[PDB]
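Data block below; observations after.
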Amino acid sequence: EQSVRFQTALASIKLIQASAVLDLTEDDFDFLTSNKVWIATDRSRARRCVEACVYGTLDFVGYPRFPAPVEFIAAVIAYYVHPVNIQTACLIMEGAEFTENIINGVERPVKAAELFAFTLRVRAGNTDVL
Amino acid sequence: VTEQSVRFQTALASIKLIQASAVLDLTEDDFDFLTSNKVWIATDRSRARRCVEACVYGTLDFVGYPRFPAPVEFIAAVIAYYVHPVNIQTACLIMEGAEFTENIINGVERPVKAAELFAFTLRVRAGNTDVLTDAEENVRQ
Numbered sequence: 006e007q008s009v010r011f012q013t014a015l016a017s018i019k020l021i022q023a024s025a026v027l028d029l030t031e032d033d034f035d036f037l038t039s040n041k042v043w044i045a046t047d048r049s050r051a052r053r054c055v056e057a058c059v060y061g062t063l064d065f066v067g068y069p070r071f072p073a074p075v076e077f078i079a080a081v082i083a084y085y086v087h088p089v090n091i092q093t094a095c096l097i098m099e100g101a102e103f104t105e106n107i108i109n110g111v112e113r114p115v116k117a118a119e120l121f122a123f124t125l126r127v128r129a130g131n132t133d134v135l
Numbered sequence: 004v005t006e007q008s009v010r011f012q013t014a015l016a017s018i019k020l021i022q023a024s025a026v027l028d029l030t031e032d033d034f035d036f037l038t039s040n041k042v043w044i045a046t047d048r049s050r051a052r053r054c055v056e057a058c059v060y061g062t063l064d065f066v067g068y069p070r071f072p073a074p075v076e077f078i079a080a081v082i083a084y085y086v087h088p089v090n091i092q093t094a095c096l097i098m099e100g101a102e103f104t105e106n107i108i109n110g111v112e113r114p115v116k117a118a119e120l121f122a123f124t125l126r127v128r129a130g131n132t133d134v135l136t137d138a139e140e141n142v143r144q
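Protein chains in written order, with the authors' numbering: chain B, 6 to 135; chain A, 4 to 144.
Next comes the structure, spelled out in structure tokens:
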């Protein structure tokens, strides 16, 4: 169910590295992908890149971008973000509390806490969760 | 075990995450303490708590940023990596209460107490060659 909702996203990311390109200047890109610690202030900019990809990847599949799918933020994080910033990146995206992460029918936000758990699996290879 | 297997895999997949960003908030002295083969006395608990945590909420503490719950696979990975067999147990004792990835995802509060943590992190450490400590680490104070 979600397993799939991932896949469709991972396969989307893997495909973007070519055919399409995101709203990202080689600067913002070095910024998002490098190992250079994201200093406090950088919050606004990090968010805006992670979004650039998240929504971007979305647009480049035909999926709406009203609530950003959890799986995409996790993927967009795992894939692009460097370990030096992963965790912090999650707590940053939580900050873009767009959808109330469906967990037992209840409309509960997309807490940073779970975003990590996701990205951590993506990288792990699993995602054949459930 | 096809379950206990994927847990490990995530824990392993974590080591690499830890190795990659060696950003830690500990003086070289502190580092020596945390990785020493000398036991952690009952008074050293405060110090240890700070050290084991400085390894989990990694770059998060180096800079400001709040802290947020980490998955067991990732904690167990940290202990297996930094902590010495001698203190590992107290470490798990310290970090008891964490949750596994699965439960983190579906919202099923299943705190993983010390005993369990200890058992698991020991098996994590038990299996992982491309994991071990070196010196391109003693570069944070």
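Backbone N, C-alpha and C define an ideal beta-carbon position, used for all residues, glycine too.
Would residue i be called buried (16 or more neighbouring beta carbons within 10 Å of its own) or exposed?
i: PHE121(B); result: buried
i: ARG70(A); result: exposed
i: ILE44(A); result: exposed
i: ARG10(A); result: buried
i: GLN92(B); result: buried
i: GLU31(B); result: exposed
i: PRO114(A); result: exposed
i: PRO74(B); result: buried
i: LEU20(B); result: exposed
i: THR124(A); result: buried
i: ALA129(A); result: exposed
i: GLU119(B); result: buried
i: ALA23(B); result: exposed
i: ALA138(A); result: exposed
Which same chain residues, not among the five before or five after residue i, have their C-beta less than 8 Å away from its C-beta?
i: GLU112(A); result: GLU102, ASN106
i: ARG52(A); result: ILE97
i: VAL42(B); result: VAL89, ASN90
i: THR132(B); result: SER8, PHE11, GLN12, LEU15, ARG126
i: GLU6(B); result: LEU135
i: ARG50(B); result: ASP33, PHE36
Beta-carbon within less than 6 Å of residue i's beta-carbon, same chain only, minus the 5 sequence neighbours each way: which residues are those?
i: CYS58(A); result: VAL81, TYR85
i: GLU140(A); result: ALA25
i: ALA14(A); result: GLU76, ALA79, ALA80, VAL127
i: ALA117(A); result: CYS95, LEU96, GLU99
i: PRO72(B); result: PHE103, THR104
i: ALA83(B); result: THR124, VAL127, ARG128
i: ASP64(A); result: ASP28, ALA57
i: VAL4(A); result: none
Give every residue of the same chain whose Cβ lies closer than 7 Å to the Cβ of residue i, excluding the five residues on either side of it in the sequence, and list them in chain order.
i: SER39(A); result: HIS87
i: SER17(A); result: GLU76, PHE77, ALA80
i: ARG48(B); result: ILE97
i: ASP33(B); result: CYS54
Per DSSP, which residues does residue i bridge with? Please list them.
i: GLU102(A); result: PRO74(A)
Return the Cβ separation of residue i and residue j in integer angstroms, given the expectation that the two are a contact with Cβ distance under 8 Å.
i: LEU27(B); j: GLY61(B); result: 4 Å
i: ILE108(A); j: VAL134(B); result: 7 Å
i: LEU29(A); j: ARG143(A); result: 7 Å
Closer than 8 Å, CB to CB, is residue i near chain C or not?
i: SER8(A); result: The structure shown has no chain C; the protein chains it does contain are B and A.
*Inside the stretch 32 to 102 of chain A only - alpha helix (DSSP H) runs reaching at least 4 residues*: 48 to 59, 61 to 65, 75 to 84, 88 to 97
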